[PDB]
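Trainee: take these chains first, placed just as they are in the complex:
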Amino acid sequence: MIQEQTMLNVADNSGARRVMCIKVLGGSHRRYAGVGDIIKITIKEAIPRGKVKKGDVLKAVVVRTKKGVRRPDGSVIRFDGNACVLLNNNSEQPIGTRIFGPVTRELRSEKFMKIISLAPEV
């Protein structure tokens, strides 16, 4: 259940360490976001040799949530913490060469195909 001013753990080797969800993309007066919804985020922290530096602003996709992703059978896959992959701001597609952690099944949506190919679980 991502919202404004929410810290998220980085989900890939983009070189970012800590990030925050400054804005929630996708519709007027929108509040919550998650599962796989795009969110632009500031980079509050990053390792020195990484592709990204602190204070950078670019769109990113949620991959994991503490709330978890709901399923038609009523099952839900909760995670210990939130995470997101840094998509390119210009035209999607992840920047990092490796996405850590088990991405959820809901990412299956054409554009996110590059992300799910990495990380063997789920």
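Mentor: Perfect, thanks for sending it. Numbers count the residues shown, from 1 in each chain, chains lettered A, B, ... in the order given.

Trainee: quick one: distance of stretch A:12-21 to the chain centre.
Mentor: Relative to the mean C-alpha coordinate of its chain, stretch A:12-21 is positioned 9 Å out (CA atoms, centre = their mean, to the nearest Å).

Trainee: what comes into contact with that stretch?
Mentor: Taking contacts as CB atoms under 8 Å, 6 or more residues apart in numbering, the residues outside stretch A:12-21 that touch it are A:2-10, A:33, A:39-47, A:49-52, A:60, A:84-86, A:94-100. In this view, the C-beta of every residue, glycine as well, is placed from N, C-alpha and C.

Trainee: show the buried residues in the residues you listed.
Mentor: Neighbour counting over these (16 or more other CB atoms under 10 Å) leaves A:2, A:6, A:8-10, A:33, A:39, A:41, A:43, A:46, A:50, A:52, A:60, A:84-86, A:94-96, A:99-100 as the buried ones.

Trainee: keep only those of those residues that are in strands.
Mentor: Of the positions in those, A:8-10, A:39, A:41, A:43, A:46, A:60, A:84-85, A:94 sit in strands, assigned by DSSP state E.

Trainee: leaving out sequence neighbours, find the closest residue to residue A:67.
Mentor: Leaving out its chain neighbours, the residue that sits closest to residue A:67 by CB to CB, 6 or more residues apart in numbering is residue A:1, at 4.4 Å.

Trainee: quick one: that neighbour and residue A:62 touch, right?
Mentor: No. The pair residue A:1 / residue A:62 is not scored as a contact, 9.8 Å apart, by CB atoms under 8 Å.

Trainee: here is chain B, add it in:
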Amino acid sequence: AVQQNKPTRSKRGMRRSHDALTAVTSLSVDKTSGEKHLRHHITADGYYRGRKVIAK
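Mentor: Following on from the chains above, chain B is added here:
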């Protein structure tokens, strides 16, 4: 939070119209002792539905 004017005694009386009491008129004769008492209530002598109870 206070009146700008003094109400008529007539206006005061209409408000009192719902204040009137109504007699229950539900008293019932005892099956045994025959003394009058309210329905679904024991007699002062302790009789109730003709059986002896309380005895005080």
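
Trainee: list the contacts of stretch B:12-31.
Mentor: When contacts are defined by CB atoms under 8 Å, 6 or more residues apart in numbering or on different chains, stretch B:12-31 is touched by residues B:35-39, B:43, B:47, B:49-50.

Trainee: 7 Å instead?
Mentor: Where contact means CB atoms under 7 Å, 6 or more residues apart in numbering or on different chains, the residues beyond stretch B:12-31 that reach it are B:36-39, B:43, B:47, B:49-50.

Trainee: over to stretch B:40-51?
Mentor: Outside stretch B:40-51, the residues within contact range by CB under 7 Å, 6+ apart are B:30-33, B:35, B:37, B:53-56.

Trainee: let's go with 8 Å and repeat that
Mentor: Residues lying outside stretch B:40-51 but in contact with it, judged by CB under 8 Å, 6+ apart, are B:30-33, B:35, B:37, B:52-56.

Trainee: buried set for that stretch?
Mentor: Neighbour-count burial for stretch B:40-51 flags B:43, B:47-48 (criterion: 16 or more other CB atoms under 10 Å in any protein chain shown).

Trainee: how far away from the center of its chain is it?
Mentor: Distance of stretch B:40-51 from the chain centroid (CA atoms, centre = their mean) equals 18 Å.

Trainee: again with stretch B:48-56
Mentor: 23 Å.

Trainee: what do you get for stretch B:37-54?
Mentor: Between the centre of stretch B:37-54 and the centre of its chain there are 18 Å (CA atoms, centre = their mean).

Trainee: then add chain C to what we have above:
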Amino acid sequence: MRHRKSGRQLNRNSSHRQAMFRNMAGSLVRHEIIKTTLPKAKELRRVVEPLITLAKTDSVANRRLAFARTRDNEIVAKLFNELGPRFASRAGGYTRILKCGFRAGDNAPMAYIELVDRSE
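Mentor: Chain C, in position alongside the others:
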């Protein structure tokens, strides 16, 4: 909005209801009859009656479970040893409500409550 709730707050904190119904339950046993307000009298039926059910079968364990309630050895002694067998085959209906007019002190709904047998 209540909705399918049971019991009554009776303008008192639950810590007192754990006590006020604890002592009154023993008073009903000691004299086999007590005078009390009608709303409270119905509340009493859910207290003393289960205690009578505990008396239906004597055991070392049940004697202590009764001790956790009422907190009087003199009251529980009447249980099992006396009140236990006396109801025998009967299941429930250990006591009955009997309204007895309204109290003079503030028009409070008085209502007698008493055991089915009364043999003292």
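
Trainee: chain C added, so what about the buried residues of stretch B:40-51 now?
Mentor: Neighbour-count burial for stretch B:40-51 flags B:41-43, B:46-48 (criterion: 16+ other CB under 10 Å).

Trainee: what about those, which are in strands?
Mentor: Among the buried residues of stretch B:40-51, DSSP E puts none in strands.

Trainee: what residue in chain A comes nearest to chain B?
Mentor: At 39.9 Å from chain B, residue A:29 is the closest residue in chain A, using CB to the nearest CB.

Trainee: how many residues are close by that residue?
Mentor: Burial of residue A:29 is recorded as 4 neighbouring residues (other CB atoms under 10 Å in any protein chain shown).

Trainee: give me phi/psi at it?
Mentor: Backbone torsions for residue A:29, taken as degrees, to the nearest 10, come to phi 50, psi 30.

Trainee: and the most centrally placed residue in chain C, what element?
Mentor: A centroid search over chain C (CA atoms, centre = their mean) returns residue C:48, at 3.0 Å, as the residue closest to the centre. Here residue C:48 sits within helix C:38-54, counting by DSSP states H and E.

Trainee: now swap in residue B:11 and tell me
Mentor: Take DSSP H and E as the rule and residue B:11 turns out to sit in helix B:9-15.

Trainee: CA atoms of that helix as PDB?
Mentor: Coordinates of each C-alpha in helix B:9-15 appear next as PDB, following Å, rounded to 0.1, in the frame of the first residue of the first chain:
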ATOM      1  CA  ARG B   9     -49.300  31.100  28.000                       C
ATOM      2  CA  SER B  10     -51.200  29.500  25.100                       C
ATOM      3  CA  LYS B  11     -48.000  28.500  23.500                       C
ATOM      4  CA  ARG B  12     -46.700  27.100  26.800                       C
ATOM      5  CA  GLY B  13     -49.900  25.000  27.200                       C
ATOM      6  CA  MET B  14     -49.600  23.300  23.800                       C
ATOM      7  CA  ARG B  15     -46.100  22.100  24.900                       C
END
